[PDB]
Each structure stands twice: as structure tokens, then as C-alpha cells.
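Chains as they are written, first to last, in the authors' numbering: chain A, 322 to 323, 323A, 324 to 368; chain B, 4 to 27, 27A to 27B, 28 to 95, 95A to 95B, 96 to 105; chain C, 128 to 141, 150 to 184, 188 to 223; chain D, 128 to 141, 150 to 183; chain E, 2 to 52, 52A, 53 to 82, 82A to 82C, 83 to 100, 100A to 100L, 101 to 111.
One structure below.
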Amino acid sequence: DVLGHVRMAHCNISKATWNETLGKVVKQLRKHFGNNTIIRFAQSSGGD
Amino acid sequence: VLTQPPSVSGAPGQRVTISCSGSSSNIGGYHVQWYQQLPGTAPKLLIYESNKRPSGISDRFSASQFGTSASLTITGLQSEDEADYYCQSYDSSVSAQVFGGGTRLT
Amino acid sequence: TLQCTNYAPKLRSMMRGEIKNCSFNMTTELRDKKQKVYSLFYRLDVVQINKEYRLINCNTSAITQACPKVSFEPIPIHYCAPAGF
Amino acid sequence: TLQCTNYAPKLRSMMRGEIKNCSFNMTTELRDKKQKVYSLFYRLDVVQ
Amino acid sequence: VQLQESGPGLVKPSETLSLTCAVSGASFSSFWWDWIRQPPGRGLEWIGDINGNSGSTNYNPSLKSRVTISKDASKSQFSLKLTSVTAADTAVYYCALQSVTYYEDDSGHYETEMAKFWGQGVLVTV
Ligand SMILES: *[C@@H]1O[C@H](CO)[C@@H](O)[C@H](O)[C@H]1NC(C)=O
Ligand SMILES: *[C@@H]1O[C@H](CO)[C@@H](O)[C@H](O)[C@H]1NC(C)=O
Ligand SMILES: *[C@@H]1O[C@H](CO)[C@@H](O)[C@H](O)[C@H]1NC(C)=O
Ligand SMILES: *[C@@H]1O[C@H](CO)[C@@H](O)[C@H](O)[C@H]1NC(C)=O
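Now the structure itself:
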């Protein structure tokens, strides 16, 4: 049984910390892929 | 969209029922709340889920839902119980909460 | 074969249909009797086949229940070389 | 318990009755259901 | 929990009608709040609601183009702004607690006993 209301499982990630984390990752990726390229992040395309 | 009886008779000692009839998009898939009001006073709810009542409501009122219809049962008409009754539910076709037109109990 | 309906079918939420209330016969301590069971399963564990459903894995493999007394919390493991390495 | 008839019962050959066409209930992926099966077995694997 | 409605009495045709509701012991951010109205002698019509956390709104499609609902968590206040008002569309206006809202689900509308906490309403004329 579920006591109380049925609530969705979820994760809390601070937006500012994550944004800074990706900015750092992008800088390090640019070091290998070129300073003038555009780096894009996207959701997983498929599979299990 | 949820229809209700135009009015409704009753007597002490006999059950009195009020019906609502909707569709699969408003009653069949959503909880139906029941409300009771007197003229000049704001409504209060009697039933907040299709079956569950607040702790402040007496045992004379109960309700059930089946299919696309629902019914409120009063176990016996008291002189203090006559009132205007309403049912409410969320209508996913309209995408709004919908009231029935209500019934007047005498 | 499971006979299932949605859990909290009238609930407004993101979890609308995510939990199914399934009924099945299973069995019990004595081989001659069966105990009807009502249980809740997540949508992702139950696949259609009251509606009839089966567990998602019955088409692929045997299911072993993990012991409820053994924790899944990661514990640090150290790797040590044998003498000579 | 298998219910069997001879395979190719009208065949003239040395293999006359060597293969039997057997029917049985067995079972299937779900414990509540059974799948009737028809299969061929050699005489030496099946005993009356 | 208490709720006190307040607003204009007689609003001239085509003027803006603006009502505010204040609540006491119910944390504003934990519930969905809505507006409901009824003319005397007539049934009730739902106007719209607010997600006490996100500020998300819902409106009755028959009213939507003329109705804006807003909230302010500070001072625990809920407001309704209605334009192009006519006598045909006036009513007694009420606020009520509608449902429980959770931060993880902006469409929750979770049923609760607390929805019984209705105010007494005000009569608006045009
Ligand atoms: C996780 O919990 C801590 C507990 O203090 C809280 O400060 C932090 O903000 C939480 N994380 C997020 C993303 O809210
Ligand atoms: C359990 O077994 C009985 C056997 O008579 C059957 O009638 C019933 O429908 C079964 N229920 C389920 C949920 O499989
Ligand atoms: C059943 O197993 C097969 C094995 O290849 C798989 O392809 C199929 O998707 C499975 N069924 C479901 C519902 O996942
Ligand atoms: C299979 O089981 C059914 C059960 O009703 C029975 O009638 C049938 O004769 C069985 N067939 C074989 C080949 O055992």
C-alpha cells in the first residue's frame, strides 16, 4: 500500500552548480575539439 | 457537463439519493467531490474523495461512484438537512473543473 | 497470469497509471492450496498479455528474489597485490 | 502422458513405425496456462 | 484555517474587477487555490486556479480570455483580475483551498480534506 498521497520519485540538482560544472566541462572539451567550435548536450538517443 | 436531478423529495427514515452523470473524461477517470450549501452561506464539502468524508461531517451522508455516474446517499432526511447539493470533478476534455447544476432538496 | 487495474485510477498526478493493482493465485505452504494475492507493481515491471498482464521478465529469464536482510549499500573494497607484485 | 500415433503410418519402408507422432500438454511461460505440443519421437525413446 | 475574501462592490460595465483573498494558518505555498462564483439563485462556476509554489495557472475556457489569476506568497494573498465585466456575468465570488501541490509535480492537484476550508464570499454587482 501507499500511505498518504502517491508521489513521483525524483532527484534535486542545483541549477547553478550544474551549469558551472558543464561550463568547466565545455572548456576542457574545447581544449580537444577547438576553441571556436560549438558544444551541445542532448538527451540519450535510445536503447534500454 | 455532470448532470444532476432538477430537485429531490425525501422523508425522515427513508434514504434520499442525488445522482450525477458525466462521461469517462470527467467522472469515470477522476474523483467526484460532494458539496452542500444553504442560501446565503458559502458551500462546505461533504465528501472530498469519491468515498472519503472529513472528520467534521456526520455519518448520515455517504456516496459511491460507478462507471461514469456517481450517487450521494442521505440515510434519512432531517429538517435541518434540506439544502442545495452540488458535485464537482475535473473534466479532461474541457480541461477545467466542472460543476453540476445541482439539486434542491425539500 | 495477473489480473490488474490501475492503482489510484482517479488520481491526478504524473503517476497516473504508473502503479498497477494486480491479483493472482500463486500458491502457498501446502501444494494442494492456493492463496489469492493482491499486490502493487510499477508499470515498468508489468507488460500486457481487469486486464491480463504478466511480469516483464517471464518472457526472458528466471527471477530470483534478493534477500531482504542483505544491504545493497556500496562498501569500500581495496585491491591488494599478492607477494611478488 | 503422451498420446501417440505412428508417423507416416501408410509408408512402405524399413522405417514403418520407427517415428511416432506424439501429442502432450506440457506447459509454458506462465504457470497458469499449457501449450499443446505435437512432436516426433523415435520408437526407441518412447515406451507404451 | 481561515480565509477572508475582499473586493469591490459595484463595478461599472467594462471596468476592471479585482478581488483578493487572504488566509491564516494554511501555508500558501503548499496548496492549489481557486476561485469559484455563483449568481444568487444559480449554480456554481469554476474560474481558475494557482499552483501555490510555481505560479502556474489554469482557467475555465469559457472565461479565459477575460480572466487573469495571480498570487503573492508574501502576505499569503491570492488575487483575481476580471475585465470586460457585465451584469450578465456578475456573481457572489468565493475563494477556497482546492488541493495539495508538491514541488516535484506541477500538475498534482492532490485531493485533501483541507479543501473544505471555504470562505464566506463577497457579492459583486455590475
Ligand atoms: C540537499 O540537501 C541539503 C541539506 O541541507 C540542502 O542544503 C541542499 O540544497 C539540497 N540540494 C538541493 C539541490 O536542493
Ligand atoms: C485463480 O484461480 C481460480 C481457479 O478457479 C480462477 O477462477 C481465478 O480467476 C484465478 N484468479 C486469478 C487472478 O488468476
Ligand atoms: C520478449 O523476449 C524477446 C526476446 O528477443 C524480446 O525481443 C521481446 O521484446 C520481449 N517482450 C517484451 C514485451 O519485452
Ligand atoms: C491435455 O489436457 C487436457 C485437460 O483438459 C486434456 O483434456 C487433454 O486430453 C490433454 N491432452 C494430452 C495429449 O495429454
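All C-beta atoms, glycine included, are put in the ideal place defined by N, C-alpha and C.
- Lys189(C) CB to nearest chain B CB: under 7 Å? Numbered from 1 along the third sequence, position 51 holds the residue referred to as residue 189(C). Answer no: the Cβ-Cβ gap between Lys189(C) and chain B never drops below 7 Å.
- Item | Range of the contiguous alpha helix (DSSP H) that encloses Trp338(A) | Walking along the first sequence from the start, residue 338(A) turns up at place 18. Taken as a continuous stretch (DSSP letters only), the alpha helix (DSSP H) holding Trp338(A) covers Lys335 to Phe353.
- Tell me which same chain residues have a C-beta within less than 6 Å of the C-beta of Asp50(E), skipping the five on either side of it? The residue labelled residue 50(E) in the question sits at position 49 within the fifth sequence. Here the set comprises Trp33, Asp35, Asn58 and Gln95.
- Message: If I measure Cβ to Cβ from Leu39(B) and keep anything under 7 Å in the same chain, skipping five residues before and after, which residues do I get?
- Response: Translated into positions along the second sequence, residue 39(B) becomes position 38. Excluding residues within five positions, the ones whose Cβ falls inside 7 Å are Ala84.
- Provide the residue span of the beta strand (DSSP E) that contains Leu129(C), from first to last. For the purposes of this step, residue 129(C) is taken as the residue at position 2 of the third sequence. Taken as a continuous stretch (DSSP letters only), the beta strand (DSSP E) holding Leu129(C) covers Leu129 to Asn133.
- Write down the C-beta distance between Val33(B) and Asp92(B) rounded to the nearest angstrom, noting that I regard them as a contact closer than 8 Å. Taking the first residue of the second sequence as position 1, residue 33(B) is located at position 32. Taking the first residue of the second sequence as position 1, residue 92(B) is located at position 91. The Cβ separation is near 11 Å, so there is no contact.
- Message: Along the stretch 28 to 50 of chain B, where does the CB come closer than 7 Å to a CB of chain C? Name the residues.
- Response: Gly30, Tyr31 and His32
- Message: Strictly below 8 Å CB to CB, what residues from chain C border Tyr91(B)?
- Response: The residue given as residue 91(B) occupies position 90 in the second sequence. Within 8 Å Cβ-Cβ: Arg139.
- Are the beta-carbon atoms of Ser79(E) and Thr21(E) separated by less than 7 Å? One-based indexing of the fifth sequence puts residue 79(E) at position 79. One-based indexing of the fifth sequence puts residue 21(E) at position 20. Yes, they are a contact pair.
- Taking just the CA atoms, how far does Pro136(C) sit from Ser26(B)? The sequence position of residue 26(B) within the second sequence is 23, counting from 1. The sequence position of residue 136(C) within the third sequence is 9, counting from 1. Their backbone Cα atoms lie some 15 Å apart in a straight line.
- Message: Could you check whether the Cβ of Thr128(C) sits closer than 7 Å to any Cβ belonging to chain D?
- Response: Translated into positions along the third sequence, residue 128(C) becomes position 1. True, the Cβ-Cβ gap to chain D drops below 7 Å.
- Contact test: residue 370(A) Cβ vs ligand 1 heavy atom, cutoff 6 Å: Coverage of chain A is limited to positions 322 through 368, which leaves residue 370(A) absent and any answer about it impossible.
- Item | Local conformation of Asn58(E) per DSSP, three classes | Within the fifth sequence, residue 58(E) is the residue found at index 58, counting from 1. If DSSP states are grouped into helix, strand and coil, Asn58(E) belongs with the strands.
- Below 8 Å on the Cβ atoms is my guess for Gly106(E) versus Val82C(E); work out the distance and round it to an integer in Å. Position 121 of the fifth sequence, counting from 1, holds the residue named residue 106(E). Position 85 of the fifth sequence, counting from 1, holds the residue named residue 82C(E). About 17 Å; that fails the 8 Å criterion.
- Query: Under a three-way DSSP split, which group does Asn160(D) fall into?
  - Reply: Stepping through the fourth sequence from its first residue, residue 160(D) is reached at position 25. Looking at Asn160(D) - three-state DSSP - the assignment turns out to be coil, as it is neither helix nor strand.
- What do you reckon, are the CB atoms on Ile28(B) and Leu73(B) nearer than 7 Å? Here residue 28(B) is taken as the residue at index 27 of the second sequence, counted from 1. Here residue 73(B) is taken as the residue at index 72 of the second sequence, counted from 1. Against a cut-off of 7 Å, the Cβ pair of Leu73(B) and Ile28(B) comes out as no contact.
- Extent of the continuous beta strand (DSSP E) to which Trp103(E) belongs: Residue numbering aside, residue 103(E) sits at position 118 when the fifth sequence is read from its first letter. Neither: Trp103(E) is in no beta strand (DSSP E) and is coded neither H nor E.
- Do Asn197(C) and ligand 3 come close, with the Cβ less than 6 Å from some heavy atom? Residue numbering aside, residue 197(C) sits at position 59 when the third sequence is read from its first letter. Yes, the Cβ of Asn197(C) comes within 6 Å of a heavy atom of ligand 3.
- Helix, strand or coil for residue 114(E), going by three-state DSSP, please let me know. As displayed, chain E neither begins before 2 nor continues past 111, which places residue 114(E) out of reach and without an answer.
- Message: Can you list, in chain order, the residues of its chain with a C-beta nearer than 6 Å to that of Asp72(E)? Leave out the 5 residues immediately preceding and following it.
- Response: Sequence index remark: in the fifth sequence, residue 72(E) carries index 72 (1-based). Cβ neighbours of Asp72(E) beyond the five flanking positions: none.
- Query: What first and last residue would you give for the beta strand (DSSP E) that runs through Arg192(C)?
  - Reply: Here the question's residue 192(C) lines up with position 54 in the third sequence. That run of the beta strand (DSSP E) goes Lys189 to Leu193.
- Query: Any chance the CB of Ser158(C) is under 6 Å from a heavy atom of ligand 2?
  - Reply: On the third sequence, residue 158(C) is found 23 positions in, with the first residue counted as 1. Because some heavy atom of ligand 2 lies under 6 Å away, the Cβ of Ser158(C) counts as near it: yes.
- Query: Residues bridged to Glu46(E) by DSSP?
  - Reply: Mapped onto the fifth sequence, residue 46(E) falls at position 45. Beta-bridge pairing links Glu46(E) to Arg38(E).
- Query: Is any heavy atom in ligand 4 found nearer than 6 Å to the beta carbon of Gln170(D)?
  - Reply: Start at 1 with the first residue of the fourth sequence, and residue 170(D) comes out as number 35. False, no ligand heavy atom lies under 6 Å from that Cβ.
- Item | CA-to-CA distance, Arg327(A) to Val182(C), given in whole angstroms | Against the third sequence, residue 182(C) aligns to sequence position 47. Against the first sequence, residue 327(A) aligns to sequence position 7. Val182(C) and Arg327(A): Cα-Cα distance of roughly 22 Å.
- For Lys155(D), which residues in chain C fall below 7 Å Cβ to Cβ? By 1-based counting over the fourth sequence, the position of residue 155(D) is 20. In chain order: nothing, as chain C lies at least about 31 Å away.
- Query: What span of residues does the beta strand (DSSP E) with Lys71(E) cover, start to end?
  - Reply: By 1-based counting over the fifth sequence, the position of residue 71(E) is 71. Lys71(E) -> beta strand (DSSP E) spans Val67 to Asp72.
- According to DSSP, which residues form a beta bridge with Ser70(B)? Residue numbering aside, residue 70(B) sits at position 69 when the second sequence is read from its first letter. In DSSP, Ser70(B) forms a bridge with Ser24(B) and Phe67(B).
- Extent of the continuous beta strand (DSSP E) run through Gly100E(E): Position 108 of the fifth sequence, counted from the start, is the residue given in the question as residue 100E(E). It spans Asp100B to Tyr100G - the beta strand (DSSP E) in which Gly100E(E) sits, taken as one unbroken run.
- Does DSSP put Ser174(C) in a helix, in a strand, or in coil? Within the third sequence, numbered from 1, the residue matching residue 174(C) stands at position 39. Of the three classes helix, strand and coil, the one that applies to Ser174(C) here is strand, per DSSP.
- Coarse secondary structure for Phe29(E), derived from DSSP in three states: For this step, residue 29(E) is matched to residue 28 along the fifth sequence. Note: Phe29(E) maps to helix in three-state DSSP.
- Item | Beta-carbon contacts of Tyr31(B) that lie in its chain and below 6 Å, excluding the five residues immediately before and after | The residue labelled residue 31(B) in the question sits at position 30 within the second sequence. Hits under 6 Å: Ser90 and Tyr91.
- Query: So, is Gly104(E) buried or exposed, given that buried needs 16 or more other C-beta atoms within 10 angstroms?
  - Reply: Translated into positions along the fifth sequence, residue 104(E) becomes position 119. Under this definition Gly104(E) is a buried residue.
- Span of the beta strand (DSSP E) holding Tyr86(B)? Start at 1 with the first residue of the second sequence, and residue 86(B) comes out as number 85. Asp85 to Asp92 is the extent of the beta strand (DSSP E) around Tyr86(B).
- Per-residue contacts from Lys168(D) into chain C (C-beta, under 8 Å): If you number the fourth sequence from 1, residue 168(D) lands on position 33. The answer, in chain order, is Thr128.
- Item | Residue range of the unbroken beta strand (DSSP E) whose run includes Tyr31(B) | Here the question's residue 31(B) lines up with position 30 in the second sequence. Run containing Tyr31(B): none; DSSP gives neither H nor E here.
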